[PDB]
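The chain contents come next:
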Amino acid sequence: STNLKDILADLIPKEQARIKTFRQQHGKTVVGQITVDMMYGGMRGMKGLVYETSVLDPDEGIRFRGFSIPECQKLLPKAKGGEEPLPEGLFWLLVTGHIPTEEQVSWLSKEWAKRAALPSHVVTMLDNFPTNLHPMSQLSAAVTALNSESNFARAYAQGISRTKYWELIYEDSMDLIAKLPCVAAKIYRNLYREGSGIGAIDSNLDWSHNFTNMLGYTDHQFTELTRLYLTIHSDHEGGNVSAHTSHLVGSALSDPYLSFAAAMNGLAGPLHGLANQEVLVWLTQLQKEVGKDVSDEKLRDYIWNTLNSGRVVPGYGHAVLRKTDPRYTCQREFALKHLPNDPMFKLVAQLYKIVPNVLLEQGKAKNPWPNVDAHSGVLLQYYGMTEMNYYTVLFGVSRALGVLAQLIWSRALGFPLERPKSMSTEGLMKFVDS
Amino acid sequence: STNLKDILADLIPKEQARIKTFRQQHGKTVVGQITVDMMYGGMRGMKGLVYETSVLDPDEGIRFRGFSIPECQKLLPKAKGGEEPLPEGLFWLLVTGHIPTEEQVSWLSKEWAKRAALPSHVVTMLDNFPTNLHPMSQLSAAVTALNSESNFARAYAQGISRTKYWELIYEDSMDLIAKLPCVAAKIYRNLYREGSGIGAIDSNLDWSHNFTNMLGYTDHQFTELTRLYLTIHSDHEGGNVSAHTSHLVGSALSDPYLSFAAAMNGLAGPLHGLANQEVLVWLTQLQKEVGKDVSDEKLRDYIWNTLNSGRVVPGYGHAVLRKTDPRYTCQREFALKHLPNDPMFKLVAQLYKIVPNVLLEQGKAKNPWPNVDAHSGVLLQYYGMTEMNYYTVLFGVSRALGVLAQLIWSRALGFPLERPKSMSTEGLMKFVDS
Amino acid sequence: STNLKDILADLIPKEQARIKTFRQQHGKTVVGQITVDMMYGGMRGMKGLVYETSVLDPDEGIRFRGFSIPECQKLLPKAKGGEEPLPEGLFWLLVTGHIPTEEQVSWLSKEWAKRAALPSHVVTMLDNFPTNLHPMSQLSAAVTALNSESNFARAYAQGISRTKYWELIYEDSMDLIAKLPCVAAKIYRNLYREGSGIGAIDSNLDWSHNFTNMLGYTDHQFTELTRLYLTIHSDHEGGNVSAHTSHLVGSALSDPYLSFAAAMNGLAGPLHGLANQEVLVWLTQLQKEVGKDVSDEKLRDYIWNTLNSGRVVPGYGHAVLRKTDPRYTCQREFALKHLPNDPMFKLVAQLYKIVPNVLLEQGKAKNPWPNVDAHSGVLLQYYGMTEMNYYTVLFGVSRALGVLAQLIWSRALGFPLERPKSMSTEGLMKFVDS
Amino acid sequence: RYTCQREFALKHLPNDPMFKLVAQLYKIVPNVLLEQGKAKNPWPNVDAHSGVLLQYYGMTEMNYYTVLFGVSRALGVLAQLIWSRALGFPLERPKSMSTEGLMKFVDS
């Protein structure tokens, strides 16, 4: 009806059955080979895990349960005054495989608003963190400290059937998603507003809107930005560091809190979630190296020299994406209908027309197209969100949606310990000989 | 004058060359397949990564740089009036591939003494944690917050050359290893000793003994147990959840504190490290519902009630080991020397004769044999460390040695971001149909 | 060293040496027991013969010199415009144990093009055959009458050293393989194409392509099918009747023509190569009895009848396979690439999902899974190859590749007369009492 | 339709030289087309084979050939035209855009 748990309960047997038969008939099918190079190259090209909530096509980009981002923009419920998709409705889609109705989304906003609550020990810890503790470290530590609230951990300690793991993973994941904006906003306010009162949860407002209120922003357009941002950074299949971390840690039956916190330690990695910032610091420098205004000739020229110094243009390229990221596209659409005459945004666009043709001619790109992180920084900066070290925290809150939707499914489907076999160089040489 | 950083400096270029040559000749060589079953079954027997410090043979158990546990028990230096191997020396071995001298180990003990010091914010955080936040959570949280002290994070922001990454990891790894007993003991004292403050570092003591001093123990044989415990838990190849988590998070260039804290979130999972706590809960439960010395048919009953309830027997089974874990045997060796008659040990021994024939007949176990977690807890209990909820913290402290040894090498060898491909069931069903 | 014959000459001494040593070490090693039941039950389970070219694993399916069919589909050369592996490349693998280069396969295609010719006497024979003489009988007779061309036969008559048998066997085997499409296509055209002139070999075309031309087919897709079919039917270890027959007859130093023709008389048996046809007759009826559109429900119904009838679902089960046959799989993949909406295919596709689980409940079948013969006929019928009595001739042309590859090796390695001991029931009753 | 016409040649004119040339092109053109790439399908259509059949029976007037196609295609298009009206299919009237307009519409 409206209760998401009940809808999910109904789906799991079906999906259990679908997989049982699949594996019966096709369990022994070879889907891929493993080379020495792949073992050294971070499992690049390896089909390593089943992840249900989203799949990243090299060419077309991310699909959430089959739906492209444009399709989500159209089908997923919006706020009443709204153009952008609510993350509530995305989460529903990932969980159910089905586009929610307005009522179902309405229901979920209120579910989340009611679960939004921090215990004193976490509030205290955050309030006591020094200012030189990075926001992703505060988030990670705080979510870890939240596992004192874990239903799944408690229930497992008391013994419980394997068949029932998913129900308590569901309640914990719902609690954590609920609480995350409270943690993330306490960190912002503590760091960047001298500790002012994060403020209330409006039980009739959507999750993003309570978040932007708690951050201390009001522009409806910033709330619309946050709706889109939380929606599109939600999931990116199972192989990205943060998603994989959550899956790997979760497979040992660590609870959602621990699984998510580990994922945030992955997201905090420069090669993962700290790119949005690298981009902005690179854009910033660039506009102060060839002036604010720059013609397509002199910009093209900067890019070629950049590349000749043995240096890459940040926010371009990807591990798996082989074409323009639809997450970039949608941010660009937002930019050009909302802040087309922003200086920093003009540069980002100017690179959009010039950088792809370069890189191609250089050859060493594989993906000469932009990723999400090429665009996200300038948008946040435009609305007043100038504190760049905090940007990944927004990415984190978003990613909880995807990784926790899947965590619920992993445990419902009885996925086991993730535990591959390793080899040393010495050993791998010997194996090769024999 | 001994300096492990200088030995590393020599060794790294040699291994870089070798791996370059090896990949030159064998990079394209197939070393295995991927099946559907593997993808659904947590990558079981998929050869997913290179990990240098230790390798697990299914048949023979763990080797550390080629050396068995028995070999390490004989070859590795010891404390002067001691019999068990110093964990310092194992770390040396893991890092260099060379058995250390007495002098090298002495140096390492002194090095970890000197870098042992906690910042006041971490002190503050630990002192304020509630008694119902699980020790592993306190540990992970505290280690995440230590990342404020990370030299790697700091240097990476400033654009440090990739050729320098390993030196920074080394420095952070040495610091964290040095600090770890400090954190672990404060958690112990705070939870279980009303926050006594006895806990200093003697600069002429080895790491294990300084640890047991801070825990408030005096028995020489507890210190020897601790030395062995920390040595044997140190590393178990790269495909275990904690090692793999560390590897994954560190491949994103997260610093050693973040990589270790995520590792601990994985180690805290019931199907991983937390099993050493769960074993003693399960033992306590069976003793309450039995005598202290039950018949073999009554043990079979208790085990059967566990298995028919959709629960696992803690400490039994393994993803890769296909016989008894040598870390189990070696702990058996210690008990039979030092506490052969202890009642809980007779039970543990008792279960060895019973549990494996069950499990085989239950069918849901490729391996019916015990792992290290089946045996650790009873040794601790004997010496008065009855706090079962603390047991995984000791495991965590030990497992730092292995994962950080490798992390140094991962960075030294330029291993890239770990990013496998995932598929959905729907996506997989279509891939097998084309 | 480029000629196949020279590569082969170089490999032979190594292998003689390797077997000599093995037999020296382990000749008297007992590898199996012989029961009374096995003697009455056609050597079922008995490890009777050394056959180098291919090994059938009960669970995994056939391997050609170590390589799975999926691997052969990836590794063996294709026609320049092609997807499916060339039977040339497979023969090369069987003979040398090595995956050929592209040029090697090219060479072999030209090699078989030059050797492809029939003596007048065999053409008269085929042209004089009546339409009621089954195609397999016409094939066997023609190949037997080709032995007038046997180099080996005449060389043996003039006297030749044991060491030299293989060279002549090679030349006869290459000649026979080249000739077989000419024979097979003359049969087809005489029976079903009103003796139309079969036409010329094109020396730049591969073997299968000249075959489908001479049959009077043009669809490149039928050529691809034919390439795949002749590759996967090539060999199935040595204990299948056709392979065993070739081996046993060959062990008397009967020439390859005699050896192969005898193998075709075995392949013509209903319990061997005539199975493709029974499947197709059965399905045809089934589509008539349950209509050309049927429900999983009503089909599963129809299966349970045919078992309670006492009859077996054709194309399911096998003497040694205990899982789905990879030869079935690869025909499945081809269908759902090239003709997924053929009614007859979709029925076969429905059987794949239902019959497996049904054969299991009934309990009687050791192997509940389909074998190659379940799939082959619907494919041939789809491309217009509707003369069901001819199907086994395609199988025969394929299987020549495997049995002749082994025949060369059997003579190279000096395998002697196959000559087991028999007993009567009377004598076996006596033997057991003693 | 190409294969079907090949069938008819090999039954009734298997040795005609032009049929032979069409048949040799089959072995050659698909590989060249794939190499140039360009076309997603290097395989022949019905029009590759139709004319060499006509030529054989003496209809050498190649500029007439599309008239036979025209006469045939009446059967399909009028069979559907009946049905389009039986079913009340309305005016076919898609929307068009200019490049300018499409550049804008992608930016809004």
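Residues numbered from 1 in each chain as written, not as in the entry; some residues may be left out. Chains lettered and ligands numbered in written order. Part of a larger assembly, values for the part shown. Heavy atoms only, no water. Residues with missing side-chain atoms left out of burial classes, pairs and counts.

For this coordinate set, the PDB header names X-ray crystallography as the determination method and states a resolution of 1.59 Å.

As annotated in the PDB entry, chain D carries the name Citrate synthase, mitochondrial and is attributed to Homo sapiens. The title line of the PDB record says "human citrate synthase complexed with citrate".

Per the PDB entry, chain A is named Citrate synthase, mitochondrial, and its organism is Homo sapiens. You can read under Pathway in the UniProt record for chain A the words "Carbohydrate metabolism; tricarboxylic acid cycle; isocitrate from oxaloacetate: step 1/2." Entered under Sequence similarities in the UniProt record, the comment concerning chain A runs "Belongs to the citrate synthase family." (UniProt positions renumbered as here; feature names shortened; annotations may be inferred.)

Draft legend 1. Local environment of the overall build of chain A. Across its full length, chain A carries 21 helices and six strands. Taken over the C-alpha trace, chain A has a radius of gyration of 22 Å; the compact-globule value for 434 residues is 22 Å, and the two agree within 12%. In chain A, the share of contacts with a sequence separation of at least 24, taken over all contacts with a separation of at least 6, comes to 77%. (Helix = DSSP H or I, 4+ residues; strand = E, 2+ residues; numbered from the N terminus. Rg over C-alpha atoms; globule rule 2.2 N^0.38 Å. Contact = heavy atoms within 4.5 Å.)

Draft legend 2. Quick peek at the overall build of chain D. Across its full length, chain D holds five helices and zero strands. For chain D, the succession of helices and strands along the chain, N to C, is α-α-α-α-α. In summary, chain D has a C-alpha radius of gyration of 21 Å against a globular reference of 13 Å for 108 residues, an excess of more than 25%. Considered along the principal axes of its C-alpha atoms, chain D spans approximately 60 × 45 × 25 Å. When contacts within chain D are restricted to residue pairs at least 6 apart in sequence, those whose partners lie at least 24 apart make up 54%.

Draft legend 3. The interface of chain A and chain B, seen in detail. Each partner contributes to the interface: chain A provides 95 residues, whereas chain B provides 98 residues. Carbon and sulfur atoms make up 63% of the area that chain A and chain B hide from each other, which totals about 9200 Å². There are seven salt bridges connecting chain A and chain B. Put simply, chain A and chain B have 50 residue pairs in polar contact between them. Partitioned by chemical class, the residues of the side of chain A that touches chain B number 46 nonpolar, 35 polar and 14 charged. Examined bridge by bridge, strand 2 (residues 47-50) of chain A and strand 5 (residues 421-423) of chain B share three bridges and lie parallel to one another. Looking at strand 5 of chain B, one finds that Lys47 of chain A is bridged to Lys421 of chain B. (Buried area = accessible area lost by both parts, 1.4 Å probe. Salt bridge = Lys/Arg side-chain N within 4 Å of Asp/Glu carboxyl O. Polar contact = N/O pair within 3.5 Å; in protein donor to acceptor, adjacent residues only side chain to side chain. Nonpolar A, V, L, I, M, F, W, Y, C, P; charged D, E, K, R; others polar. Pairing = 2+ DSSP bridges.)

Draft legend 4. Molecular detail of the UniProt feature "active site" in chain A. Mapped onto this numbering, the UniProt entry gives "active site" at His272, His318 and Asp373 of chain A. A maximum C-alpha distance of 10.6 Å is found for the annotated residues, which run over 102 residues; spatially they form one tight group. Looking at where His272 of chain A falls in the secondary structure, it is placed in the loop between helix 13 (256-267) and helix 14 (275-287). With sequence-adjacent residues up to four places away left out, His272 of chain A is seen in contact with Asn240, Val241, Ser242, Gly266, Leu267 and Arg399 of chain A together with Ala252 of chain B. With respect to the helices and strands, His318 of chain A occurs in the loop between helix 15 (296-308) and helix 16 (326-338). In this structure, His318 of chain A is in contact with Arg44, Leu56, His236, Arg327, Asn367 and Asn371 of chain A, ignoring residues within four places of it in sequence. Of the polar contacts made by the side chain of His318 of chain A, one reaches the backbone nitrogen of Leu321 of chain A; its length is 3.2 Å.

Draft legend 5. Expanded view of the nonpolar core. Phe91, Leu351 and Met385 of chain A together with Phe91, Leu283, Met385 and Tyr390 of chain B are the most contacted members of the largest nonpolar core, which totals 286 residues. Of all hydrophobic cores here, the second largest spans 120 residues; its members include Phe260, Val279, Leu336 and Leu379 of chain C. (Core = buried A, V, L, I, M, F, W, Y, C linked by side-chain atoms within 4.5 Å. Buried < 20%, exposed > 50% of the residue type's maximum accessible area, 1.4 Å probe, protein only.)

Draft legend 6. Structural context of helix 15 (residues 296-308) of chain B. All names here are of chain B. Taking 1.5 Å as the rise per residue, helix 15 with 13 residues should run 18 Å; its terminal C-alpha atoms sit 18 Å apart, in good agreement. Close packing links the buried residues of helix 15 with helix 14 (275-288), helix 17 (343-354) and helix 18 (357-360). Once helix 15 ends, the next one or two residues include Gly310, with phi positive near 75 degrees. (Expected span 1.5 Å × (residues − 1).)

Draft legend 7. Spotlight on the relation of the copies chain A and chain B. Note on the copies: chain A fits chain B at an RMSD of 1.4 Å, the axial shift is 0.4 Å, and the rotation between them is 176 degrees. Taken together, these values place the two copies in the relation of a two-fold axis. Most of the interface of chain A is mirrored in chain B, where 96% of its interface residues are also at the interface. (Least-squares fit on C-alpha atoms.)

Draft legend 8. Quick peek at the packing of aromatic side chains. Under the criterion given, the structure shown has 54 aromatic pairs over all chains. When the ring of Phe334 of chain C is compared with that of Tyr383 of chain C, the centres are 6.5 Å apart and the planes differ by 65 degrees; the resulting orientation is edge-to-face. One end of the pair, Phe334 of chain C, is in helix 16 (residues 326-338); the other, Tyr383 of chain C, is in the loop between helix 18 (376-382) and helix 19 (391-412), and 49 residues separate them in sequence. Pair check on accessibility: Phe334 of chain C and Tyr383 of chain C agree, each one buried. Clustering of aromatic rings is evident, with ring pairs tying together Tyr188, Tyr192, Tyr217, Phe222, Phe334, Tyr382, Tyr383 and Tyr390 of chain A. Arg65 of chain A extends its terminal NZ or CZ atom over the ring of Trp409 of chain A, reaching a point 5.4 Å from the ring centre. A cation over an aromatic ring shows up here: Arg411 of chain A above the ring of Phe152 of chain A, its NZ or CZ 5.1 Å from the ring centre. (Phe/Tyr/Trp six-rings, centres within 6.5 Å; stacked < 30°, edge-to-face > 60°. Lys NZ or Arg CZ within 6 Å of the ring centre and 35° of its normal.)

Draft legend 9. Structural view of the pairing of strand 1 (residues 54-57) of chain C. Residues and elements named next belong to chain C. Taking every second residue as pointing to the same face, the buried face of strand 1 carries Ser54 and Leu56, while none of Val55 and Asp57 on the other face is buried. As paired strands, strand 1 and strand 2 (residues 61-64) are joined by four bridges and run antiparallel to one another. The partner of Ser54 across the bridge, within strand 2, is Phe64. Remark: three residues form the turn of the hairpin made by strand 1 and strand 2, two consecutive strands paired antiparallel.

Draft legend 10. Representation of the UniProt feature "binding site: oxaloacetate" in chain D. Residue and element names in this part refer to chain D. Under the present numbering, the feature "binding site: oxaloacetate" in UniProt falls on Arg1, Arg73 and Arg93. Taking the farthest pair of C-alpha atoms as the criterion, the annotated set spanning 93 residues is dispersed, since that pair is 32.0 Å apart. Relative to the elements of secondary structure, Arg1 occurs in the segment before helix 1 (2-12). A relative accessible area of 60% means that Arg1 is categorised as exposed. Residues within four places of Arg1 in sequence aside, it is in contact with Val46 and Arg73. With respect to the helices and strands, the residue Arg93 is situated in the loop between helix 4 (65-86) and helix 5 (99-105). Judged by relative accessible area, which is 65%, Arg93 ranks as exposed.

Draft legend 11. Inspection of helix 11 (residues 220-232) of chain A at higher detail. Helix length check: helix 11 of chain A (13 residues) gives 18 Å between terminal C-alpha atoms against 18 Å at 1.5 Å per residue, within 8%. Summarising burial for helix 11 of chain A: 11 of the 13 residues are buried, a large majority.

Draft legend 12. Broad picture of the sheet that holds strand 5 (residues 67-68) of chain A. In space, the three strands of this open sheet follow the order 3-4-5 (chain A), with antiparallel pairing throughout. Each edge of the sheet is formed by a strand with only one pairing partner; in this case those strands are strand 3 (54-57) and strand 5 of chain A.

Draft legend 13. Focus on the UniProt feature "binding site: oxaloacetate" in chain A. Residue and element names in this part refer to chain A. In the UniProt entry, the feature "binding site: oxaloacetate" is given for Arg327, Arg399 and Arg419. Take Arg327: its relative accessible area is 3%, and that puts it in the buried class. Apart from residues lying up to four places away in sequence, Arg327 is in contact with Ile69, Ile232, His236, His318, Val372 and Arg399. Relative to the helices and strands, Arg399 resides in helix 20 (residues 391-412). Side-chain polar atoms of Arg399 contact the side chain of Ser242, separated by 3.4 Å.

Draft legend 14. Representation of the packing of helix 7 (residues 135-145) of chain A against helix 7 (residues 135-145) of chain B. At a closest axis distance of 9 Å, the pairing of helix 7 of chain A and helix 7 of chain B adopts a crossing angle of 175 degrees. In terms of their interaxial angle, helix 7 of chain A and helix 7 of chain B are classed as roughly antiparallel. Counted together, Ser137, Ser140, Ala141 and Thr144 of chain A of helix 7 of chain A and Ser137, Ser140, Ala141 and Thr144 of chain B of helix 7 of chain B form the full contact between these two elements. Looking at side-chain class alone, the contact of helix 7 of chain A with helix 7 of chain B contains two nonpolar, six polar and no charged residues. (Axes fitted to C-alpha atoms, helices over the stretch in contact; angles between N-to-C directions. Parallel < 35°, antiparallel > 145°, perpendicular 65-115°, else oblique.)

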